[PDB]
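Computed from the coordinates by the stated procedures, all read-outs in this text should not be read as laboratory data. Cβ: placed from backbone, ideal geometry, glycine included. Neighbour counts: every protein chain shown.
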Amino acid sequence: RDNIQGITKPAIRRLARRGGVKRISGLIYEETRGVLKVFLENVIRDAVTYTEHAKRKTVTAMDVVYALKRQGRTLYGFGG
Amino acid sequence: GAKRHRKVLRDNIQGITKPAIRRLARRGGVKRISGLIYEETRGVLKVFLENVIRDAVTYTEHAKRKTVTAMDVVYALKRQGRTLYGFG
Amino acid sequence: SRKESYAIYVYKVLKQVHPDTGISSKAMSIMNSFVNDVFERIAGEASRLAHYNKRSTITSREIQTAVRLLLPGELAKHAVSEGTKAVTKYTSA
Amino acid sequence: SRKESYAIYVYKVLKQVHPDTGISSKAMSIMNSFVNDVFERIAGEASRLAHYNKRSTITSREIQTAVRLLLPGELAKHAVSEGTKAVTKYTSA
Amino acid sequence: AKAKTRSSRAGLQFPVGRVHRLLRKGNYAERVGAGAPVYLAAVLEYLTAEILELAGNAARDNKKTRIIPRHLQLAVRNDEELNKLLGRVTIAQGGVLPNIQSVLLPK
Amino acid sequence: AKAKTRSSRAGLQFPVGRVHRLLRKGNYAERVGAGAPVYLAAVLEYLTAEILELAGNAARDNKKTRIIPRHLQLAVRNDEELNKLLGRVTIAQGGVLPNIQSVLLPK
Amino acid sequence: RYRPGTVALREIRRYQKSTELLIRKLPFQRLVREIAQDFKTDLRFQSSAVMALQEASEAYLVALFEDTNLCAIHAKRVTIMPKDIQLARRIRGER
Amino acid sequence: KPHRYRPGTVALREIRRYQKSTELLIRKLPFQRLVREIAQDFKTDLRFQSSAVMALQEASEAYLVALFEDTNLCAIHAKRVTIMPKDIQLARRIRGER
DNA sequence: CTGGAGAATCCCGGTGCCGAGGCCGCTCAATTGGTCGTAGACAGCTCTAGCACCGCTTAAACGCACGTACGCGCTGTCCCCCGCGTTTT
């Protein structure tokens with residue numbers, strides 16, 4: 001239920017500002033919203049695969065760290 | 001006379017020739033080419049090369065040899081995450 | 001010197017799929033090259049998960065999940081069946 | 001129960017370079033995470049290294065060599081000497 | 001009794017005894033399950049056939065009788081699943097999929 | 001007699017014994033040379049400080065007495081060789097180096 | 001009134017030293033749980049896990065923007081357009 | 001009058017040729033001495049295997065090849081048909097390789 | 001529509017050949033029948049954390065005006081790279 005839209009335009013625009021973008025189109029917002037799903041879906045799919053195999057029903061970040069590395073985005077700061 | 005020294009101008013890196021470069025580009029699918037590309041390519045290819053070669057040699061001494069092996073360079077490739085099949 | 005490889009088994013499977021097709025040697029080497037890779041990538045992945053849950057012995061639970069982790073989509077789906085079928089067949093046999 | 005980390009050894013070293021500088025816990029977690037990685041990255045290759053020459057015991061040379069695999073150039077030259085010194089200091093006494 | 005290979009017992013073709021040794025020396029764990037060498041080994045057969053069957057298909061499309069890396073190159077890179085799988089794999093002598101950009105086509 | 005910690009007798013800070021245990025429980029190989037844990041440790045402090053004083057300098061520059069994830073980001077991202085090492089690495093509450101391209105600025 | 005393109009520079013200047021998130025947590029949190037629903041049902045999240053997720057996502061998003069911006073600039077523009085993303089998305093090879 | 005092709009028709013023909021071809025495009029003798037040149041700045045006086053000597057080129061090409069087609073993507077998006085180095089460097093930067 | 005015309009490409013039948021592929025000895029790894037120590041999943045207990053919701057207030061979203069700057073379509077113009085036939089390399 002449209003939680004993708006919960007990422008507002010200022011939420012989008014702030015990120016591009018921190019990304020350094022001066023001038024933004026209007027079609028950018030939907031493009032972002034679709035693609036970011038791909039980032040999320042891929043991770044969360046694999047992330048839970050840990051949680052299932054680890055025989056839990058609660059999502060640890062330790063799984064999340066495991067996966068993001070497994071994708072290739074190594075992350076520091078959340079336990080291990 | 002004075003012909004024993006008339007050709008001393010090898011300087012290997014041009015050995016990758018413009019015809020090949022375009023031949024390379026033609027296989028890649030480029031239709032038309034700037035002339036400064038050829039030289040710029042020479043930079044990109046070389047800077048590529050040693051990084052592996054360094055890593056490729058980096059193995060060799062550790063096993064106390066003096067002859068670089070393909071398997072050695074085979075591992076050299078893997079470390080940067082570009083794997084090759086076909087030389088065992 | 002002796003060198004052990006996977007050509008004969010690959011040769012057998014080919015004649016399963018294409019009983020008439022031939023094969024080069026270099027491509028066979030590729031196949032040997034390829035098998036060892038996926039052999040490696042699963043196993044260490046299999047190892048570290050047992051590490052993640054701090055276990056000491058690697059079974060199919062370990063193997064299957066990483067196959068789901070390693071193979072994408074339909075291959076993982078289909079191959080797990082391929083794994084699943086053999087395992088029960090082995091335990092029964 | 002008791003779970004272990006590296007922050008204390010961090011904090012002596014901090015006081016060795018900056019004897020009067022604080023550090024946040026969010027930072028301290030980062031270092032604990034960071035150090036654990038750098039261990040792991042070399043630790044594997046040196047382990048792999050042993051397999052490559054069919055040898056069967058890890059030494060500092062492999063670590064030495066493994067460091068040469070990761071660390072860039074000038075920094076590698078530093079630590080390898082420091083790796084060289086410590087064992088020399090260790091082995092001497 | 002009578003010696004019966006595990007691969008036969010699973011009805012498989014791949015040598016599981018080889019790998020259980022290999023897993024044993026592979027230092028992936030200090031102990032190893034018994035069906036794991038089995039479990040993987042069949043899936044090993046799956047992908048080879050999966051690629052080999054593709055390797056057969058392309059091999060026919062130029063009307064040859066023997067499979068080559070160019071065929072292998074074509075097959076995996078024509079397969080979006082395999083290509084996604086083997087994206088960090090480069091193929092020796094495999095060549096490239098023929099593909100010319102739309103804008104390079106002449107008016 | 002009176003034991004002397006190995007790290008001390010090498011003149012170092014990091015607990016080499018822990019690593020020696022971790023090495024042995026890390027199953028990288030069945031056996032471990034005696035000087036190896038030492039060697040690996042030696043670099044560990046080096047890099048450990050090597051960055052920390054960089055973070056200290058940044059923490060000095062932002063005129064705070066305590067080092068933070070933002071300090072961790074800036075120094076690492078300002079030094080090039082480290083950045084190469086830490087290229088696939090994300091610092092929570094790390095952020096971005098300030099950068100606006102030249103043409104974006106008004107003339 | 002300030003002329004257009006001045007606040008943006010100040011906005012850009014503002015955020016690059018800013019460091020905390022730029023996405024609302026509850027709109028973040030809700031979307032995560034919806035997406036996670038699609039693989040297995042009835043999960044349970046550690047705030048760290050979700051928060052760890054969030055750091056990855058924005059950190060993800062921003063870099064692509066810079067790549068996209070570079071794409072836009074190379075087309076001699078200052079206005080990003082989705083094809084710049086797609087051209088960017090292609091070259092990194094996840095496209 | 002001479003029968004010259006319109007410029008580019010030849011190139012598209014060429015583009016076709018190599019995309020079915022699979023062989024190397026780099027001459028071996030120039031190639032290996034390049035490596036033999038390079039080795040000196042790491043260790044003096046090594047001794048190369050041809051298999052290794054061969055194996056270099058494939059990576060050498062395959063790398064540069066993937067570079068080209070990405071660089072080709074650049075001018076298209078930049079609304080060109082002739083490649084500029086600014087394209088080439090751009091991808092490597094997009095490849096994050098500087 | 002249609003190509004004068006040359007040039008390019010594919011296809012049809014021959015050739016040569018050497019490597020893919022079965023055959024042929026041989027050994028050591030994979031398979032079988034034994035033991036014993038420990039790993040590790042599983043009940044029982046513990047309790048932490050995860051979820052549920054409220055209610056309220058304010059930042060933050062949100063839905064508009066307006067204005068101008070930039071995106072883009074277009075057009076001569078100029079010059080660098082494209083086809084080609086020898087001449088080196």
Subject >> Where H:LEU24 falls short, out of the listed (1) more than 19 Å from B:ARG22 (Cβ to Cβ); (2) buried (at least 16 other Cβ atoms within 10 Å of the Cβ); (3) more than 7 Å from every other protein chain (Cβ to nearest Cβ) >> reply: (1)
Original post:
Within the group E:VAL32, E:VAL43, which residue is over 23 Å from the mean Cα position of the chain (by Cα) and either facing another protein chain (nearest Cβ under 9 Å) or closer than 20 Å to C:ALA50 by Cβ (or both)?
Top reply: E:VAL32
**OP:** Kindly establish whether F:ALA58 is more than 10 Å from chain D (Cβ to nearest Cβ), in contact with a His (Cβ under 7 Å, 6 or more places away or on another chain) and farther than 28 Å from E:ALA29 by Cα.
**Re:** yes
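Any idea which residue in the stretch A:1-20 is nearest to DNA strand I (Cβ to nearest atom), counting only those that are surrounded by fewer than 17 Cβ atoms within 10 Å (Cβ to Cβ) and within 7 Å of chain G (Cβ to nearest Cβ)? Walk me through how you get there before you give the answer.
In the first step, residues of the stretch A:1-20 are kept if they are surrounded by fewer than 17 Cβ atoms within 10 Å (Cβ to Cβ); the result is A:1-3, A:5, A:8-10.
Adding the requirement that they be within 7 Å of chain G (Cβ to nearest Cβ) leaves A:1, A:3.
Values: A:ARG1: 14, A:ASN3: 12 Å.
Among those that are surrounded by fewer than 17 Cβ atoms within 10 Å (Cβ to Cβ) and within 7 Å of chain G (Cβ to nearest Cβ), it is A:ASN3.
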**OP:** Determine whether E:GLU53 is closer than 30 Å to C:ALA50 by Cβ, away from DNA strand I (no atom under 13 Å from the Cβ), among the charged types (D, E, K, R) and at the interface with chain C (Cβ under 9 Å from one of its Cβ atoms).
**Re:** no
Subject >> Count - residues of the stretch A:21-61 that are within 14 Å of chain F (Cβ to nearest Cβ), surrounded by fewer than 20 Cβ atoms within 10 Å (Cβ to Cβ) and assigned to a helix (DSSP H, G or I) >> reply: 1
**OP:** For the stretch C:1-16, name all the residues that are more than 19 Å from B:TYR85 (Cβ to Cβ) and either among the aromatic types (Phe, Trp, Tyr) or facing chain E (nearest Cβ under 7 Å) (or both).
**Re:** C:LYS12, C:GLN16
**OP:** Consider only pairs whose beta carbons are under 9 Å apart and that are at least six residues apart or on different chains; among these, list those whose first residue lies in the stretch E:1-13 and is more than 7 Å from chain C (Cβ to nearest Cβ) and free of Cβ contacts under 8 Å to residues at least 24 places away in the same chain and whose second residue is within 8 Å of DNA strand I (Cβ to nearest atom) and assigned to a helix (DSSP H, G or I).
**Re:** E:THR5/E:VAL16; E:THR5/E:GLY17
Subject >> Odd one out for H:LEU46 among (1) under 30 Å from E:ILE100 (Cα atoms); (2) free of Cβ contacts under 8 Å to residues at least 24 places away in the same chain >> reply: (1)
Original post:
Name the pairs: first residue in the stretch C:17-32 and facing chain E (nearest Cβ under 7 Å), second residue near DNA strand I (Cβ under 7 Å from one of its atoms) and assigned to a helix (DSSP H, G or I), Cβ to Cβ under 9 Å, at least 6 apart or on different chains?
Top reply: C:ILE23/C:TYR11
Original post:
Looking at (1) farther than 19 Å from H:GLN89 by Cα; (2) assigned to a helix (DSSP H, G or I); (3) among the charged types (D, E, K, R), can you tell me which one B:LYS3 breaks?
Top reply: (2)
Original post:
Exactly one of (1) away from DNA strand I (no atom under 16 Å from the Cβ); (2) within 7 Å of chain E (Cβ to nearest Cβ); (3) without any contact (Cβ under 8 Å) to a residue 12 or more places away in the chain; (4) crowded, with 19+ Cβ neighbours inside 10 Å is unmet by C:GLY73. Its number?
Top reply: (4)
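Take the conditions touching a strand residue (DSSP E or B) at 6+ places or on another chain (Cβ under 9 Å), within 7 Å of chain C (Cβ to nearest Cβ) and either part of a loop (DSSP other than H, G, I, E, B) or over 21 Å from C:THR91 (Cβ atoms) (or both) and apply them to E:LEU72. Does it pass? Even if it seems obvious, please write down each step before you answer.
Working: touching a strand residue (DSSP E or B) at 6+ places or on another chain (Cβ under 9 Å): yes; within 7 Å of chain C (Cβ to nearest Cβ): yes; either part of a loop (DSSP other than H, G, I, E, B) or over 21 Å from C:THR91 (Cβ atoms) (or both): yes.
Here the answer is yes, as E:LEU72 does meet what is asked.
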**OP:** For C:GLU40, work out the one condition from (1) of a type outside the set (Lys, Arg); (2) touching a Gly at 6+ places or on another chain (Cβ under 9 Å); (3) surrounded by 19 or more Cβ atoms within 10 Å (Cβ to Cβ) it doesn't fulfil.
**Re:** (3)
Original post:
In the set E:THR65, E:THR5, which member is β-branched (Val, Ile, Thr), within 25 Å of C:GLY22 (Cα to Cα) and loosely packed, with under 14 Cβ neighbours inside 10 Å?
Top reply: E:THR65
Original post:
Of the numbered conditions (1) in contact with a helix residue (DSSP H, G or I) (Cβ under 9 Å, 6 or more places away or on another chain); (2) surrounded by 18 or more Cβ atoms within 10 Å (Cβ to Cβ), G:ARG33 satisfies every one except a single condition; which is it?
Top reply: (2)
